[PDB]
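*Asks:* turn this into a model:
(one chain, ligands or ions: 8)
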Amino acid sequence: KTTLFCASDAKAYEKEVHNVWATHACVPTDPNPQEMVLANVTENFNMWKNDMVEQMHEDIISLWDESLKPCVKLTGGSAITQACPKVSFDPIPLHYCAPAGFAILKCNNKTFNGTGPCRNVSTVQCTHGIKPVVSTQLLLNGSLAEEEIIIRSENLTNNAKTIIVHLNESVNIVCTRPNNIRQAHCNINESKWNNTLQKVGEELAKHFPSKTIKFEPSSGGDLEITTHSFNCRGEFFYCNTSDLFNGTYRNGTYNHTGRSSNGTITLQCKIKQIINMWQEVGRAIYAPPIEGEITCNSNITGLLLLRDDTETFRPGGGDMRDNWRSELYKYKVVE
Ligand SMILES: CCCOC(=O)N1c2cc(CNC)ccc2[C@H](NC(=O)C(=O)Nc2ccc(Cl)c(F)c2)[C@H]1CNC(=N)N
Ligand SMILES: *[C@@H]1O[C@H](CO)[C@@H](O)[C@H](O)[C@H]1NC(C)=O
Ligand SMILES: *[C@@H]1O[C@H](CO)[C@@H](O)[C@H](O)[C@H]1NC(C)=O
Ligand SMILES: *[C@@H]1O[C@H](CO)[C@@H](O)[C@H](O)[C@H]1NC(C)=O
Ligand SMILES: *[C@@H]1O[C@H](CO)[C@@H](O)[C@H](O)[C@H]1NC(C)=O
Ligand SMILES: *[C@@H]1O[C@H](CO)[C@@H](O)[C@H](O)[C@H]1NC(C)=O
Ligand SMILES: *[C@@H]1O[C@H](CO)[C@@H](O)[C@H](O)[C@H]1NC(C)=O
Ligand SMILES: *[C@@H]1O[C@H](CO)[C@@H](O)[C@H](O)[C@H]1NC(C)=O
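*Replies:* Numbering: from 1, shown residues only. Ligands and ions are numbered 1, 2, ... in the order given. Shown next is the structure:
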């Protein structure tokens, strides 16, 4: 309803680029913030139609433009060339804050699906700290659901609408290009992956009850969405998830169909130079990888899925606003 501002805990002596941008663009965080509970109120939220998502999307676009300059950017017919130095890149949390005379309602119902009415509501200056993690298929380094796994969708009946699965237990994923320069791999403990898909299948079954629930790799499209893609310490990883989204939940029980070894799933990854941009329809070209080991140790805290008797779910992604939605669902700007 108005224009927000950001508060961060950055330091202008980091030259990690999130820190630098935040020094330029955000104010320091209130050491101890104010919160106003109101369990009588009951307000309506709609995470799918939330202007904070647009504001934050704009901010992260600006952050990436200032911080991860491509050597070349192709947009339409145009090509733009600029210095593309390697940088230190580790996302920091950002808080979004209502300016004087507005507030941010937080919905405190732990099971709120992001849509409709919510009874226990709070007033706050700012959201919690949100790390702006750009990725597809898996949501990384978010904040887990407090009680049960939550299923969010603008419209579960419309299979074209992305499904956000909010996990209550995070699942470690470790990706590494060890010390072919482009080749890398991720490791997930097949045990926790097994459990979490069991319970995701349970919740999906509540929403589609007669059907058997299958998980399958992404059908088609750009590499950025047919693989789990993400930025790790500057470099763009594309990791194959076909041994990950590969299972069946039949009669209250989940069977994993992907292949594992010694009880870990290992995704083959490539580090790529030519990127399909998430900010706009366009391509972006970066320098070859730094040397040394490139490792990210991340928590999977959510999934992005798309639905095609049986119901079949595939990893989705590509519109980074959904990532922001997954974190901003509980908040509204008011007055
Ligand atoms: C118009 C602005 C909104 O742009 C979209 O909405 N796009 C969209 C939408 C869908 C439909 N599902 C909602 C599918 C695929 C895409 C595209 N996404 C990506 O290219 C993408 O994510 N690249 C990437 C790069 C680096 C990292 Cl690290 C990463 F993790 C991901 C994108 C369009 N950009 C393009 N065609 N060049
Ligand atoms: C979310 O909850 C609302 C009611 O609060 C309901 O109308 C809607 O169908 C639910 N959607 C999902 C995906 O659970
Ligand atoms: C997480 O939610 C699932 C399904 O909603 C539930 O079965 C499980 O007990 C929960 N686990 C934890 C650790 O809260
Ligand atoms: C969502 O699903 C379909 C679209 O295929 C349509 O009935 C309408 O847009 C929505 N229905 C409900 C019940 O929300
Ligand atoms: C992922 O790997 C499988 C088998 O290894 C292959 O069939 C599939 O095409 C791969 N997908 C991508 C996007 O690389
Ligand atoms: C599941 O994994 C196996 C081997 O890891 C592969 O042969 C199979 O094609 C995968 N399932 C799907 C639906 O791709
Ligand atoms: C989950 O993974 C563990 C580790 O390999 C395995 O022993 C267990 O049987 C699996 N459960 C399934 C596939 O349902
Ligand atoms: C997730 O957070 C950890 C710790 O901050 C970090 O090492 C890791 O690189 C992060 N993952 C991504 C994809 O940024």
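*Asks:* return the residues in contact with the residue lying farthest from the centre of the chain.
*Replies:* Most distant from the centre of the chain: residue 40, at 32.3 Å, with distances by C-alpha atoms, centre = their mean. Residues counted as contacts of residue 40 (C-beta atoms under 8 Å, 6 or more residues apart in numbering) are residue 119. In this view, the C-beta of every residue, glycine as well, is placed from N, C-alpha and C.
*Asks:* how about it, secondary structure?
*Replies:* coil (DSSP: H, G, I helix; E, B strand; the rest coil).
*Asks:* swap in residue 243?
*Replies:* coil.
*Asks:* what's the nearest residue to it if we skip its chain neighbours?
*Replies:* residue 258 (3.4 Å; C-beta to C-beta, 6 or more residues apart in numbering).
*Asks:* is it true that that neighbour touches residue 265?
*Replies:* Yes - checked against C-beta atoms under 8 Å, the pair residue 258 and residue 265 is within contact range at 6.1 Å.
*Asks:* quick one: which of the two has more around it?
*Replies:* residue 265 (21 against 18; other C-beta atoms under 10 Å).
*Asks:* OK, contacts around the more buried one?
*Replies:* Here residue 265 is in contact with 187-188, 190, 193, 243-244, 258-259 (C-beta under 8 Å, 6+ apart).
*Asks:* look up phi and psi at it.
*Replies:* As for residue 265, its main-chain torsions (degrees, to the nearest 10) stand at phi -90, psi 140.
*Asks:* need the contact list for the residue of the stretch 51-200 of the chain at minimum distance from ligand 6.
*Replies:* Proximity of the stretch 51-200 of the chain to ligand 6 (C-beta to the nearest ligand atom) peaks at residue 190, 11.7 Å away. With contacts defined as C-beta under 8 Å, 6+ apart, residue 190 is in contact with 256, 260, 263-265.
*Asks:* the same query, at a cut-off of 6 Å, please.
*Replies:* Contacts for residue 190 (C-beta atoms under 6 Å, 6 or more residues apart in numbering) come out as 260, 263-265.
*Asks:* which one among those residues gets closest to residue 297?
*Replies:* Each of these was scored against residue 297 by C-beta to C-beta, and residue 264 proved nearest at 14.3 Å.
*Asks:* okay, whatever residue of the chain ends up closest to ligand 6 and residue 191: tell me how far apart.
*Replies:* When distances are taken as C-beta to the nearest ligand atom, the chain reaches nearest to ligand 6 at residue 259, 3.1 Å away. Residue 259 sits 15 Å away from residue 191 when distances are taken as C-beta to C-beta, to the nearest Å.
*Asks:* before we move on, what about residue 112?
*Replies:* 30 Å.
*Asks:* could you do residue 145 as well?
*Replies:* 20 Å.
*Asks:* and these two? Which one has more around it.
*Replies:* Neighbour count, other C-beta under 10 Å: between residue 145 and residue 191, residue 145 has more, with 18 against 12.
*Asks:* element containing that one?
*Replies:* Here residue 145 sits in a region with no helix or strand, counting by DSSP states H and E.
*Asks:* now the strands for the stretch 201-335 of the chain?
*Replies:* Secondary structure of the stretch 201-335 of the chain (DSSP state E, counting those that start in this stretch): strands at 212-215, 228-232, 235-239, 247-249, 254-256, 264-272, 274-276, 283-285, 294-307, 310-315, 331-334.
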